[PDB]
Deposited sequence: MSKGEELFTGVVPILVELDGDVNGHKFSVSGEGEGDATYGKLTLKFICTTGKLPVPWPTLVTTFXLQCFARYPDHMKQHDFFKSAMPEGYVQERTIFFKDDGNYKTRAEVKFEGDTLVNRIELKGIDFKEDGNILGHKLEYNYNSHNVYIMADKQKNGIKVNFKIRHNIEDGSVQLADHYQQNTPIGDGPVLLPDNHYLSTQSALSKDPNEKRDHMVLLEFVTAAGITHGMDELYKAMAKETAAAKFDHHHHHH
């Protein structure tokens, strides 16, 4: 696609979130860069309103799938970059099992050289001393597969996955993600065959940062569609 050309180098990122979870209002700004050639994101997030009223790891998926590494043989399945530079809307409901939900609406688009993810989040029905409002999540993050299918009726994609959040007592809090992405512009986009993104994330803290924050390193790689050369390599082995 023409949009894939925008991602061949390192691209600056800006993330902005306005959040309300059970009436606790907060804002987050995040900055860093993305290198789609390696599927690599490096980002730091600041709560600009003081203390973040939910655990940082519950927001990771909300805080850039246009930086996925798509194998060469899967280039025609990268909806995300194909929507650029005009961008896409990313909407989700995240159901936390036995607890509340987040609803999110984001627009991801270029503003000049900067890839900007602007997000509104509403959280309702959370338990006061559940894992989210009780801050019982460990400060770490598991690796997941993000399953992608075309959504032709909306000229976009439908995405599903289940995040496993480790809890301090050794249990796991599931966060079931339902996601839709639709283009902002009216130019052609790629509607993919079924595939997934494989994700891995590390979380840390900046020792020179006094504000409530999260440092995030993430690698995202598209998979799940054959290169179709299995027989060729077998033929080569017989030689």
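In this chain the deposited sequence has gaps in the coordinates at 1, 65, 242-254, listed in sequence order.
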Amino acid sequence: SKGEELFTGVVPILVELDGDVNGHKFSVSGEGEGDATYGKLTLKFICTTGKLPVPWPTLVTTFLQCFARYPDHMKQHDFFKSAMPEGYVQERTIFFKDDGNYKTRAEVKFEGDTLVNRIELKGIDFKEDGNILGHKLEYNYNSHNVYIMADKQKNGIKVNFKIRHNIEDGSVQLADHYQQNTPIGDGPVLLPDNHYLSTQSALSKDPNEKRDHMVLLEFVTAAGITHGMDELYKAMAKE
From here on, numbers count along this sequence of modelled residues.
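Of the two segments examined, 123-131 and 101-109, it is 123-131 that shows the higher average Cα temperature factor in the deposited entry. Comparing the deposited coordinates for 86-94 and 165-173, the stretch with the larger average C-alpha B-factor is 165-173. Which of 207, 32, 183, 57 has the largest Cα B-factor in the deposited entry comes down to 207. In this entry, the residue among 48, 179, 61, 198 with the greatest C-alpha B factor is 48. Per the deposited record, the Cα B-factor of residue 148 falls in the middle third when ranked against the other modelled residues of its chain.
Among the modelled residues of its chain, residue 154 has a C-alpha B-factor that falls in the highest third, as given in the PDB entry. The entry lists a Cα temperature factor for residue 203 that places it in the lowest third of the chain's modelled residues. Among the modelled residues of the chain, residue 75 sits in the highest third by CA temperature factor in this PDB entry. Ranked against the other modelled residues of its chain, the C-alpha B-factor of residue 52 as given in the entry falls in the middle third.
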